[PDB]
Amino acid sequence: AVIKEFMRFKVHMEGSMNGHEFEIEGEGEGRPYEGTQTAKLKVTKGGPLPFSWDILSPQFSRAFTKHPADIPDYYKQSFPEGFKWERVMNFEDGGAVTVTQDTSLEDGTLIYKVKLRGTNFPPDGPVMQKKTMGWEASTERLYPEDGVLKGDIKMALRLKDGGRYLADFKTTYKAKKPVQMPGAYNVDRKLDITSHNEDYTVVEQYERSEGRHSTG
């Protein structure tokens with residue numbers, strides 16, 4: 001009831017990558033039951049970023065995933081209070097990122113607060129040299145544990161040279177009130193940068209995601 005067929009969000013991120021501090025502010029919109037959303041982000045401090053935007057893009061919205069009727073939606077049920085999440089991203093070349101997020105609702109608008117710390121990225125690696133070209137489509141394997149939902153993703157960034165750059169994502173999602181827990185299930189997702197200015201200080205992105213049962 002609280003999550004309408006069309007919803008907007010506002011987001012603020014404070015982060016650091018290999019010690020370079022930055023801030024991002026943005027706004028987004030989408031269709032939570034259709035699984036689609038777009039966001040427009042601006043770098044407000046530390047721009048232009050000396051690293052790939054692709055590290056940031058998965059940190060900007062779990063209310064917007066399409067679910068079949070028989071899978072309870074952990075995220076939508078958590079409103080109006082909302083949910084938190086905490087993530088580690090471990091990259092194949094030793095780069096590591098921790099992210100924490102709070103999702104709440106104010107005056108009918110979703111409010112996202114993100115903190116990000118990335119370290120140990122090789123100075124000549126694809127992240128610090130901006131050689132990545134977006135994420136491959138992915139499948140997050142979600143499972144319940146003790147009132148929280150945990151997710152694992154094998155993620156891959158495309159490289160400008162045609163190669164790939166792999167990461168493991170581990171996330172815990174925590175509703176702020178009791179909800180009906182789903183069984184373990186999968187979320188298929190595609191995230192794309194759809195526009196940007198020359199130095200990626202203004203960036204638009206789009207995500208489509210849909211939950212489904214595992215086939216085994």
# chains A, B, ... in the order shown; residues from 1 in each chain; ligands from 1
$ closest_atom_pairs --of "region 15-103 of chain A" --to "region 156-162 of chain A" --cutoff "12 Å" --atoms "only C-alpha atoms" --output "CSV"
residue,atom,partner,partner_atom,distance
A:52,CA,A:157,CA,10.5
A:53,CA,A:157,CA,11.3
A:54,CA,A:157,CA,7.9
A:55,CA,A:157,CA,9.4
A:57,CA,A:157,CA,11.6
A:58,CA,A:157,CA,11.7
A:89,CA,A:156,CA,11.5
A:90,CA,A:156,CA,11.5
A:91,CA,A:156,CA,9.4
A:92,CA,A:156,CA,10.0
$ residues_around --residues "residue 74 (chain A)" --least-positions-apart "5" --cutoff "10 Å" --atoms "only C-alpha atoms" --output "PyMOL selection string"
chain A and resi 62-63+79+82-83+144+147-149+173-175+178-182
$ write_last_selection --atoms "N, CA and C atoms" --output "short mmCIF file (atom, residue, chain, number, x, y, z; two decimals), in the first residue's frame"
data_model
loop_
_atom_site.label_atom_id
_atom_site.label_comp_id
_atom_site.auth_asym_id
_atom_site.auth_seq_id
_atom_site.Cartn_x
_atom_site.Cartn_y
_atom_site.Cartn_z
N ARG A 62 16.25 -1.37 -3.51
CA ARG A 62 15.70 -2.72 -3.46
C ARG A 62 14.19 -2.78 -3.49
N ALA A 63 13.52 -1.65 -3.29
CA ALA A 63 12.08 -1.59 -3.40
C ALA A 63 11.57 -1.80 -4.82
N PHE A 79 8.13 -1.32 4.56
CA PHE A 79 7.72 0.08 4.62
C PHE A 79 6.48 0.27 5.49
N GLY A 82 11.16 0.85 6.48
CA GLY A 82 12.24 0.57 5.55
C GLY A 82 13.20 -0.50 6.01
N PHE A 83 14.43 -0.41 5.53
CA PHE A 83 15.43 -1.46 5.71
C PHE A 83 16.82 -0.87 5.58
N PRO A 144 17.07 -16.43 3.26
CA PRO A 144 16.73 -15.97 4.59
C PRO A 144 17.61 -16.59 5.65
N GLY A 147 15.65 -13.74 10.21
CA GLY A 147 14.98 -12.44 10.00
C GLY A 147 15.60 -11.50 8.99
N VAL A 148 16.81 -11.83 8.52
CA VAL A 148 17.49 -11.03 7.53
C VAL A 148 17.56 -11.81 6.23
N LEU A 149 17.81 -11.09 5.16
CA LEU A 149 17.97 -11.68 3.86
C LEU A 149 19.42 -11.46 3.49
N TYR A 173 20.61 -7.74 4.05
CA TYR A 173 19.51 -6.79 3.98
C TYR A 173 18.67 -7.03 5.24
N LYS A 174 18.34 -5.96 5.95
CA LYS A 174 17.69 -6.05 7.26
C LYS A 174 16.48 -5.12 7.32
N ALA A 175 15.28 -5.69 7.33
CA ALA A 175 14.07 -4.94 7.50
C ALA A 175 14.02 -4.34 8.92
N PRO A 178 9.08 -6.53 11.50
CA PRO A 178 8.86 -7.89 11.03
C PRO A 178 8.12 -7.95 9.70
N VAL A 179 8.54 -8.86 8.82
CA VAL A 179 7.90 -9.10 7.54
C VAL A 179 7.77 -10.60 7.31
N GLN A 180 6.94 -10.99 6.36
CA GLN A 180 6.84 -12.40 5.92
C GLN A 180 8.10 -12.72 5.12
N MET A 181 8.84 -13.72 5.58
CA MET A 181 10.09 -14.09 4.95
C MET A 181 9.85 -14.92 3.71
N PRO A 182 10.55 -14.60 2.61
CA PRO A 182 10.52 -15.49 1.47
C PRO A 182 11.43 -16.70 1.73
#
$ residues_around --residues "residue 130 (chain A)" --least-positions-apart "4" --cutoff "8 Å" --atoms "only C-alpha atoms" --output "list in words"
residues 50, 51, 52 and 126 of chain A
$ atom_distance --atom1 "CA of residue 29 (chain A)" --atom2 "CA of residue 11 (chain A)"
11.2 Å
$ atom_distance --atom1 "CA of residue 18 (chain A)" --atom2 "CA of residue 141 (chain A)"
29.1 Å
$ select_by_dssp --residues "region 5-215 of chain A" --states "alpha helix (DSSP H)" --output "VMD selection string"
chain A and resid 74 to 77
$ residues_around --residues "residue 12 (chain A)" --least-positions-apart "5" --cutoff "10 Å" --atoms "only C-alpha atoms" --output "JSON, numbers by chain"
{"A": [23, 24, 25, 26, 27, 41, 42, 44, 60, 101, 111, 112, 113, 114, 115]}
$ residues_around --residues "residue 88 (chain A)" --least-positions-apart "3" --cutoff "8 Å" --atoms "only C-alpha atoms" --output "list in words"
residues 96, 97, 98, 99, 169, 170 and 171 of chain A
$ residues_around --residues "residue 19 (chain A)" --least-positions-apart "2" --cutoff "9 Å" --atoms "only C-alpha atoms" --output "list in words"
residues 16, 17, 21, 117, 118 and 119 of chain A
$ write_last_selection --atoms "N, CA, C and O atoms" --output "mmCIF file, in the first residue's frame"
data_model
loop_
_atom_site.group_PDB
_atom_site.id
_atom_site.type_symbol
_atom_site.label_atom_id
_atom_site.label_comp_id
_atom_site.auth_asym_id
_atom_site.auth_seq_id
_atom_site.Cartn_x
_atom_site.Cartn_y
_atom_site.Cartn_z
ATOM 1 N N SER A 16 34.945 6.927 0.091
ATOM 2 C CA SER A 16 36.349 7.065 -0.224
ATOM 3 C C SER A 16 36.819 5.844 -0.988
ATOM 4 O O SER A 16 36.352 4.727 -0.769
ATOM 5 N N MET A 17 37.728 6.080 -1.931
ATOM 6 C CA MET A 17 38.320 5.015 -2.748
ATOM 7 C C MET A 17 39.819 5.221 -2.779
ATOM 8 O O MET A 17 40.291 6.238 -3.292
ATOM 9 N N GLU A 21 38.413 10.988 -1.129
ATOM 10 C CA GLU A 21 37.087 11.227 -0.594
ATOM 11 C C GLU A 21 36.179 11.907 -1.607
ATOM 12 O O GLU A 21 36.625 12.740 -2.414
ATOM 13 N N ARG A 117 33.466 2.624 1.521
ATOM 14 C CA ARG A 117 34.927 2.689 1.664
ATOM 15 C C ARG A 117 35.571 1.594 0.839
ATOM 16 O O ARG A 117 35.348 0.412 1.090
ATOM 17 N N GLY A 118 36.366 2.006 -0.153
ATOM 18 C CA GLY A 118 37.122 1.087 -1.002
ATOM 19 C C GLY A 118 38.608 1.259 -0.777
ATOM 20 O O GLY A 118 39.098 2.387 -0.623
ATOM 21 N N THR A 119 39.319 0.138 -0.735
ATOM 22 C CA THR A 119 40.762 0.118 -0.467
ATOM 23 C C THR A 119 41.452 -0.951 -1.283
ATOM 24 O O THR A 119 40.791 -1.862 -1.798
#
$ closest_atom_pairs --of "region 117-186 of chain A" --to "region 193-200 of chain A" --cutoff "10 Å" --atoms "only C-alpha atoms" --output "Markdown table"
| residue | atom | partner | partner_atom | distance |
| --- | --- | --- | --- | --- |
| A:133 | CA | A:193 | CA | 9.1 |
| A:134 | CA | A:193 | CA | 7.2 |
| A:135 | CA | A:193 | CA | 9.3 |
$ closest_residue --among "A:84, A:40, A:177, A:213" --to "residue 69 (chain A)" --atoms "only C-alpha atoms"
A:213
$ atom_distance --atom1 "CA of residue 187 (chain A)" --atom2 "CA of residue 66 (chain A)"
8.9 Å
$ select_by_dssp --residues "region 45-189 of chain A" --states "strand (DSSP E or B)" --output "PyMOL selection string"
chain A and resi 45+66+83-91+96-106+109-119+132-135+138-145+148-159+164-175+185-189
$ residues_around --residues "residue 5 (chain A)" --least-positions-apart "5" --cutoff "12 Å" --atoms "only C-alpha atoms" --output "VMD selection string"
chain A and resid 29 to 37 63 to 66 76
$ decode --residues "region 2-70 of chain A" --atoms "C-alpha atoms" --output "PDB file, in the first residue's frame"
ATOM      1  CA  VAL A   2       2.814   2.389   0.976  1.00  0.00           C
ATOM      2  CA  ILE A   3       4.940   1.455  -2.087  1.00  0.00           C
ATOM      3  CA  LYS A   4       2.936   2.901  -5.005  1.00  0.00           C
ATOM      4  CA  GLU A   5       3.057   1.908  -8.683  1.00  0.00           C
ATOM      5  CA  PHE A   6       5.331   4.899  -9.290  1.00  0.00           C
ATOM      6  CA  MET A   7       7.890   6.003  -6.678  1.00  0.00           C
ATOM      7  CA  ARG A   8      10.725   8.479  -6.371  1.00  0.00           C
ATOM      8  CA  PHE A   9      13.904   8.407  -4.325  1.00  0.00           C
ATOM      9  CA  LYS A  10      16.634  10.756  -3.168  1.00  0.00           C
ATOM     10  CA  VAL A  11      20.156   9.505  -2.417  1.00  0.00           C
ATOM     11  CA  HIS A  12      23.257  10.808  -0.681  1.00  0.00           C
ATOM     12  CA  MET A  13      26.574   8.915  -0.717  1.00  0.00           C
ATOM     13  CA  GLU A  14      29.740   9.681   1.252  1.00  0.00           C
ATOM     14  CA  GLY A  15      32.704   7.625   0.212  1.00  0.00           C
ATOM     15  CA  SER A  16      36.349   7.065  -0.224  1.00  0.00           C
ATOM     16  CA  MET A  17      38.320   5.015  -2.748  1.00  0.00           C
ATOM     17  CA  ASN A  18      42.029   4.400  -2.058  1.00  0.00           C
ATOM     18  CA  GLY A  19      41.804   7.429   0.265  1.00  0.00           C
ATOM     19  CA  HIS A  20      40.171   9.767  -2.272  1.00  0.00           C
ATOM     20  CA  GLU A  21      37.087  11.227  -0.594  1.00  0.00           C
ATOM     21  CA  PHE A  22      33.932  12.115  -2.502  1.00  0.00           C
ATOM     22  CA  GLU A  23      30.210  12.771  -2.159  1.00  0.00           C
ATOM     23  CA  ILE A  24      27.324  12.004  -4.500  1.00  0.00           C
ATOM     24  CA  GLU A  25      23.761  13.371  -4.468  1.00  0.00           C
ATOM     25  CA  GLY A  26      20.981  12.176  -6.707  1.00  0.00           C
ATOM     26  CA  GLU A  27      17.355  11.475  -7.409  1.00  0.00           C
ATOM     27  CA  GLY A  28      15.609   8.566  -9.065  1.00  0.00           C
ATOM     28  CA  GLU A  29      12.252   7.216 -10.085  1.00  0.00           C
ATOM     29  CA  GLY A  30      10.620   4.037 -11.233  1.00  0.00           C
ATOM     30  CA  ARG A  31       7.923   1.417 -11.194  1.00  0.00           C
ATOM     31  CA  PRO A  32       8.466  -0.812  -8.153  1.00  0.00           C
ATOM     32  CA  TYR A  33       6.154  -3.616  -9.238  1.00  0.00           C
ATOM     33  CA  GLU A  34       7.493  -3.656 -12.823  1.00  0.00           C
ATOM     34  CA  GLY A  35      11.101  -3.873 -11.646  1.00  0.00           C
ATOM     35  CA  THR A  36      12.400  -0.746 -13.438  1.00  0.00           C
ATOM     36  CA  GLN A  37      14.118   2.439 -12.272  1.00  0.00           C
ATOM     37  CA  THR A  38      16.365   5.282 -13.317  1.00  0.00           C
ATOM     38  CA  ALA A  39      18.584   7.578 -11.294  1.00  0.00           C
ATOM     39  CA  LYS A  40      20.459  10.804 -12.002  1.00  0.00           C
ATOM     40  CA  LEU A  41      23.530  11.315  -9.832  1.00  0.00           C
ATOM     41  CA  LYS A  42      25.833  14.284  -9.364  1.00  0.00           C
ATOM     42  CA  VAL A  43      29.309  14.297  -7.866  1.00  0.00           C
ATOM     43  CA  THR A  44      29.202  17.133  -5.292  1.00  0.00           C
ATOM     44  CA  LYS A  45      32.656  16.626  -3.707  1.00  0.00           C
ATOM     45  CA  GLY A  46      35.835  14.941  -4.947  1.00  0.00           C
ATOM     46  CA  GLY A  47      34.964  15.194  -8.647  1.00  0.00           C
ATOM     47  CA  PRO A  48      35.858  14.163 -11.189  1.00  0.00           C
ATOM     48  CA  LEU A  49      36.252  10.779  -9.606  1.00  0.00           C
ATOM     49  CA  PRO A  50      39.712   9.178 -10.124  1.00  0.00           C
ATOM     50  CA  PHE A  51      38.136   5.734 -10.476  1.00  0.00           C
ATOM     51  CA  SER A  52      35.455   3.887 -12.375  1.00  0.00           C
ATOM     52  CA  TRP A  53      31.821   4.882 -11.833  1.00  0.00           C
ATOM     53  CA  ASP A  54      30.983   1.212 -12.153  1.00  0.00           C
ATOM     54  CA  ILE A  55      32.132   0.668  -8.527  1.00  0.00           C
ATOM     55  CA  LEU A  56      29.395   3.048  -7.378  1.00  0.00           C
ATOM     56  CA  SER A  57      26.511   2.117  -9.626  1.00  0.00           C
ATOM     57  CA  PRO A  58      25.242  -0.937  -7.678  1.00  0.00           C
ATOM     58  CA  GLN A  59      25.024   1.172  -4.496  1.00  0.00           C
ATOM     59  CA  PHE A  60      22.303   3.543  -5.777  1.00  0.00           C
ATOM     60  CA  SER A  61      17.354   0.458  -4.553  1.00  0.00           C
ATOM     61  CA  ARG A  62      15.699  -2.718  -3.463  1.00  0.00           C
ATOM     62  CA  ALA A  63      12.078  -1.591  -3.400  1.00  0.00           C
ATOM     63  CA  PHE A  64      12.046  -1.713  -7.231  1.00  0.00           C
ATOM     64  CA  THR A  65      12.318  -5.443  -7.958  1.00  0.00           C
ATOM     65  CA  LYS A  66       9.457  -7.274  -9.711  1.00  0.00           C
ATOM     66  CA  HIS A  67       8.351 -10.403  -7.787  1.00  0.00           C
ATOM     67  CA  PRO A  68       6.055 -13.263  -8.713  1.00  0.00           C
ATOM     68  CA  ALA A  69       2.869 -13.365  -6.675  1.00  0.00           C
ATOM     69  CA  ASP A  70       4.070 -16.389  -4.663  1.00  0.00           C
TER      70      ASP A  70
END
